[PDB]
Each structure stands twice: as structure tokens, then as C-alpha cells.
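*Asks:* these are from a larger complex, still in place; more later:
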Amino acid sequence: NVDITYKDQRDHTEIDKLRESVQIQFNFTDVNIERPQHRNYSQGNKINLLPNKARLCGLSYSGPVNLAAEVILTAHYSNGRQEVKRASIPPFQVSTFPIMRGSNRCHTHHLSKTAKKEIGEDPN
């Protein structure tokens, strides 16, 4: 939960002279991680990325991490009055997190031994 205050150095308008600093505040709301995915190069949606494909292509078996955020900033003037603005952000993919094989977020979790053998994995 970042909460920091930064002095502003904008000196163009008289209103810009009536200000002291910016009190920055924001927090993150929703976190989700989904199974690793591939692009397939057709300008569509993202398709499942299997471990053998990542092995052969030199990819990373990383699953997307989705985040939400809330921005509430505060404006300080010279006299001592405060202005607060708020911002709501919809879900947004921050990055990809590496995924462990055999884990719950891996593709080889619903698969049985025959399916794992069929898709190119070591079934044992």
C-alpha cells in the first residue's frame, strides 16, 4: 500500500503557485493467475501452451497474472486545504509467473497417464 508525498515543481500559472506537493496513494485489488498460454500468430485469442512446446521452442512455461488497482491521490495547497481524486481500474495483466510442472495451474493436472503419454510427456 504505497502512500508517499512528492513536492510539485510546476511554476507556469498562478494556480500552479497555490500548490505545495502531491500525496500519492494507491492499492491493488484482485489477483489471479491462469494457466500458461500461447499466441499461435494469427491475431486471435491466446491458446493453451503445453510443456513440450515450451521445451522445443525455447519458450517459458509462464502463466499470466491478472491484477486490478485503485488510485486515490491527494492535492495539497499552500494554505492547508486538500483535494482528493479517485480512479478505478478494470482487470489488467501485470506479467507472467513461472508455473511448476505437476502443479494445480499446469496443463498436466487434469490429464491422466494415457493423455500425458499421448501429448508428449513422461507419464511416470
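*Replies:* Right, received. Where do you want to start? Residues are numbered from 1 along each chain as shown, chains lettered A, B, ... in the order given.
*Asks:* residue contacts, residue A:6?
*Replies:* Listed by C-beta atoms under 8 Å, 6 or more residues apart in numbering, the contact set of residue A:6 reads A:21-22, A:24. Any C-beta I mention is one placed from the backbone N, CA and C, and that applies to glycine too.
*Asks:* just checking, it is part of a strand?
*Replies:* Yes. Per DSSP: H, G, I helix; E, B strand; the rest coil, residue A:6 lies within a strand segment.
*Asks:* separation between it and residue A:24?
*Replies:* Separation of residue A:6 from residue A:24 (C-beta to C-beta, to the nearest Å): 6 Å.
*Asks:* The helix or strand encompassing residue A:83: how far from the chain's middle?
*Replies:* Taking DSSP states H and E as the definition, one finds residue A:83 inside strand A:82-98. In terms of C-alpha atoms, centre = their mean, to the nearest Å, the centre of strand A:82-98 is set 9 Å apart from its chain centre.
*Asks:* Can you tell me the strand partners of that strand and which way each runs?
*Replies:* Note on strand A:82-98: by DSSP bridges, its sheet partners are strand A:62-77 (antiparallel).
*Asks:* Just the C-alphas of the strand it pairs with, formatted as PDB.
*Replies:* Output in PDB follows, covering the C-alpha atoms of strand A:62-77 (Å, rounded to 0.1, in the frame of the first residue of the first chain):
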ATOM      1  CA  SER A  62       4.800 -18.900 -17.500                       C
ATOM      2  CA  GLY A  63       1.100 -18.200 -16.700                       C
ATOM      3  CA  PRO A  64      -0.500 -14.800 -16.900                       C
ATOM      4  CA  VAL A  65      -1.100 -12.800 -13.700                       C
ATOM      5  CA  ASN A  66      -4.100 -10.500 -13.800                       C
ATOM      6  CA  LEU A  67      -4.400  -7.500 -11.400                       C
ATOM      7  CA  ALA A  68      -6.800  -4.700 -10.600                       C
ATOM      8  CA  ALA A  69      -5.900  -1.400  -8.900                       C
ATOM      9  CA  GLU A  70      -7.400   1.600  -7.200                       C
ATOM     10  CA  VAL A  71      -5.800   5.100  -7.400                       C
ATOM     11  CA  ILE A  72      -6.700   7.700  -4.800                       C
ATOM     12  CA  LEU A  73      -4.500  10.900  -5.000                       C
ATOM     13  CA  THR A  74      -4.500  13.900  -2.700                       C
ATOM     14  CA  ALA A  75      -3.700  17.500  -3.600                       C
ATOM     15  CA  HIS A  76      -2.100  19.900  -1.100                       C
ATOM     16  CA  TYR A  77      -2.300  23.600  -1.400                       C
END
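*Asks:* okay, chain B goes in next:
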Amino acid sequence: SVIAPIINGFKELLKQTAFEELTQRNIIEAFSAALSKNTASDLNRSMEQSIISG
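*Replies:* To build on what is shown above, here is chain B added in:
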């Protein structure tokens, strides 16, 4: 490579655009600019370099 880029991006947003003229659009634009490909690349490269270096 997340909070410090956001801080510096806010510093540069304040260093060009007036704060009283800023609205929610400029707040979103500054936050999204502070989260460009540079920060994601820095964070992922640093984490993987850490895991593989030990």
C-alpha cells in the same frame, strides 16, 4: 522495477503537466506509462537472472 518507475513517471508528469490541470485521464495515462515494456522486461530479466545465477 514497479513502484520506483511509477514514482519517477509521476515526477516527470509533474515536471511537464500542471497538477491542477490533471484529471483522471492523465492519472491513468501516467500510471500506464510507468508500466511500459521496460519495467516488465527489467523485472522478469532480474528474477530469472537471480534464479539461474543462484
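*Asks:* In light of the added chain B, please revisit the contacts of residue A:6.
*Replies:* Counting by C-beta atoms under 8 Å, 6 or more residues apart in numbering or on different chains, residue A:6 makes contact with A:21-22, A:24, B:7, B:10-11, B:14.
*Asks:* contacting residues around residue A:22?
*Replies:* Taking C-beta under 8 Å, 6+ apart as the contact definition, residue A:22 lies against A:5-8, A:73-76, B:10, B:14, B:19.
*Asks:* Over to residue A:107?
*Replies:* Applying C-beta under 8 Å, 6+ apart to residue A:107 gives the contacts A:35-36, A:48-51.
*Asks:* now swap in residue B:6 and tell me
*Replies:* Residues in contact with residue B:6 (C-beta under 8 Å, 6+ apart) are A:2, B:31, B:34-35.
*Asks:* Centroid-nearest residue for chain A?
*Replies:* Relative to the mean C-alpha position of chain A, the nearest C-alpha, by C-alpha atoms, centre = their mean, is the one of residue A:94, at 1.8 Å.
*Asks:* ok, for that one, nearest residue in space, not its chain neighbours?
*Replies:* Closest residue to residue A:94 in three dimensions, ignoring its sequence neighbours and counting by C-beta to C-beta, 6 or more residues apart in numbering or on different chains: residue A:67, at 4.5 Å.
*Asks:* ok, the one you found to chain B distance?
*Replies:* 10 Å (C-beta to the nearest C-beta, to the nearest Å).
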